[PDB]
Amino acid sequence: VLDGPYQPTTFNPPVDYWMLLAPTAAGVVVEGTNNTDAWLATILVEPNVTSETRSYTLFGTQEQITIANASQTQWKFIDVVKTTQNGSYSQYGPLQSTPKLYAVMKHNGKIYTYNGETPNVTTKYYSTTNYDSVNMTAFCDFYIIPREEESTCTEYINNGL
């Protein structure tokens, strides 16, 4: 089950495996693209942030994104997604988190990520052309968990390692 931790790297994860990410600092957690119609990055925002514009390096280039975190005590993982190379990023499906863990999976034509509020998370997805060949760059330590053991992954997301 808990295969890792692996150090930050760019690689092509197998389909139907959760990549469980364990960031320590606010910032970009993971990014992945098919180079055609999906660029996804996950940003971790600290507790308690009134609307402000921040700079992030996404896919090698500096981007300005206006972020907020309404929670006083919980972190906020936000997916930013653009659907063409020169498109703008929009924000989707936050996870409010105490344990500071996130996960992403390639499955059935889509990229799945966790969502909602710990300790009662759900999942959400994004349709992604050529989903199986999406390369991911992790910016923090990560673990690999098969989809068959999703219930273990969900437990870690909800309650921590």
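Residue numbers run from 1 along the displayed sequence.
Note to self: Tell me which stretch has the larger mean Cα B-factor in this entry, 25-33 or 53-61.
What the structure shows: The stretch with the larger mean CA B-factor is 53-61.
Checklist line | Between 2-10 and 151-159 (mean CA B-factor, as deposited), the higher | finding: The recorded data point to 2-10.
Next item on the list: Choose from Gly93, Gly109, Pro47, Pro119 the residue with the greatest Cα B-factor as stated in the PDB record.
Entry: Of the options given, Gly93 has the highest CA B-factor in the PDB entry.
Note to self: Ranking every modelled residue in this chain by its Cα temperature factor as given in the entry, which third contains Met19?
What the structure shows: Answer is middle: the recorded C-alpha B-factor places it there.
Next item on the list: Report the third (lowest, middle or highest) to which the CA temperature factor of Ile145 belongs, ranking only the modelled residues of the same chain.
Entry: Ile145: CA B-factor falls in the highest third of its chain.
Next item on the list: Ordered by C-alpha B-factor within the chain, which third holds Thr123? Give me lowest, middle or highest, please.
Entry: It falls in the middle third of the chain.
Checklist line | Chain-relative CA temperature factor third for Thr98 | finding: Its C-alpha B-factor, which the entry lists for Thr98, ranks in the middle third among residues of this chain.
Next item on the list: Name the third of the chain's ranked CA B-factors that contains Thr42, choosing lowest, middle or highest.
Entry: Bottom third by C-alpha B-factor.
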